[PDB]
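Chains G and F are the protein sequences, given in the same order. End of the first sequence = 235 in the authors' numbering, gap-free, step of one. End of the second sequence = 235 in the authors' numbering, gap-free, step of one. C-beta: ideal position from N, C-alpha, C; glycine also. Working notes, structure below.
Number of protein chains: 2
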Amino acid sequence: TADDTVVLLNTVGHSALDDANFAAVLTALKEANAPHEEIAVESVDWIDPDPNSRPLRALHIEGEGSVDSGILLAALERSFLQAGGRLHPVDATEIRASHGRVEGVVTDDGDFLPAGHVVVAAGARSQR
Amino acid sequence: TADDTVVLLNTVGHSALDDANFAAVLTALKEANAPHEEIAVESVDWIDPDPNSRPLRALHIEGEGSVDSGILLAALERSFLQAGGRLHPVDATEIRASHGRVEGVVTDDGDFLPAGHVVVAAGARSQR
């Protein structure tokens, strides 16, 4: 959805975070030889801030962009099926292991799925 | 009382004045080849602003300073007497002129002072 990012510095925050972090971003960009420049705030397109909340410094970072997370998920699902992956729309309840090896996964419908590899990427539920 | 001036840009004002005027100061300094530099706000000595009112840009102007107006007035009075001036601590009430020439000044004590030269520097009362 975008190729580039503009980092804005305004005074609606702590100097001890926002001033220090703006300097650290500028430094980290220089260290990594990343393409960027400090630009005039008047050259940032579209923004129409409250003058009392407006930025006084702006940082254009080239090749630091954004994705539509919904279109990304759809494209990952599509790409998974295309490569022969199978989607089973149930939740794991329990990982089964014995003698220090994975056997598979009990699902919340009562079934058991056997496997020699289990990758846990269950977000905030992963450790539990 | 000082040799140098720091111009501060904060967001406690209109962008249409403060942003335009900061740019105009920077421009006028560059045009005149006047000694100055845009400095980090963290390098401005003494200031301890409210973070929500703090400056995000600062401009050091070299050889643009200040005087104590009270010591200046005392020094001007002293220097006037030294050069043969006489201080008469009354106010002019009326300038007298005839045949398109100054005759002198009626003072608020009722007296009349004759002169061939009258210089009006009575601040806001000068035109009246």
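Original post:
By Cβ distance, which residues of its chain are closer than 6 angstroms to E144 (chain G), with the 5 residues on each side in sequence left out?
Top reply: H167
Original post:
Among G:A139, G:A141, G:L163 and G:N140, which one has its Cα closest to the Cα of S150 (chain G)?
Top reply: G:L163
Subject >> Helix, strand or coil at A204 (chain F) [DSSP, three-state] >> reply: strand
Original post:
Smallest Cα separation from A222 (chain G): which of G:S173, G:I202 and G:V132?
Top reply: G:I202
**OP:** State yes or no: is the C-beta of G170 (chain F) within less than 9 angstroms of the C-beta of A141 (chain F)?
**Re:** yes
Original post:
So with Cβ pairs under 9 angstroms, would you call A131 (chain F) a contact of chain G?
Top reply: no
Original post:
Nearest chain C C-beta to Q234 (chain G) closer than 9 angstroms, yes or no?
Top reply: Of the chains in the structure shown, none is chain C; the protein chains are G and F.
Original post:
Using a beta-carbon distance below 9 angstroms, is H121 (chain F) in contact with chain G?
Top reply: yes
**OP:** Kindly indicate which residue of F:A231, F:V197, F:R208 and F:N128 has the alpha-carbon position closest to the one of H224 (chain F).
**Re:** F:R208
**OP:** For my contact list, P158 (chain G) and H121 (chain F) are in at a C-beta cut-off of 8 angstroms; report their separation, rounded to the angstrom.
**Re:** 6 angstroms
Original post:
Just how far apart, CA to CA, sit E184 (chain G) and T108 (chain G)?
Top reply: 19 angstroms
Subject >> Residues, ordered as in the chain, of the stretch 108-120 of chain F that lie near chain G by beta-carbon distance below 9 angstroms >> reply: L116, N117, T118, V119 and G120
**OP:** Kindly list the residues whose CB is nearer than 6 angstroms to the CB of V148 (chain G), restricted to its own chain and excluding five residues on each side of it in sequence; keep chain order.
**Re:** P162 and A165
Subject >> is_contact[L163 (chain G), chain F] using C-beta, thresh 9 angstroms >> reply: yes
Original post:
From this set, G:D155, G:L194 and G:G230, which residue's C-alpha is nearest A123 (chain F)'s C-alpha?
Top reply: G:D155
**OP:** Report the residue from F:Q189, F:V113 and F:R193 whose alpha carbon sits nearest the alpha carbon of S173 (chain F).
**Re:** F:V113
Subject >> Proximal chain F residues relative to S160 (chain G), where beta-carbon distance stays under 8 angstroms >> reply: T118
Original post:
Taking C-beta to C-beta, are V213 (chain G) and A204 (chain G) nearer than 9 angstroms?
Top reply: no
Original post:
Given a threshold of 16 other Cβ atoms within 10 Å of its Cβ, counted over all protein chains shown, does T118 (chain F) qualify as buried or as exposed?
Top reply: buried
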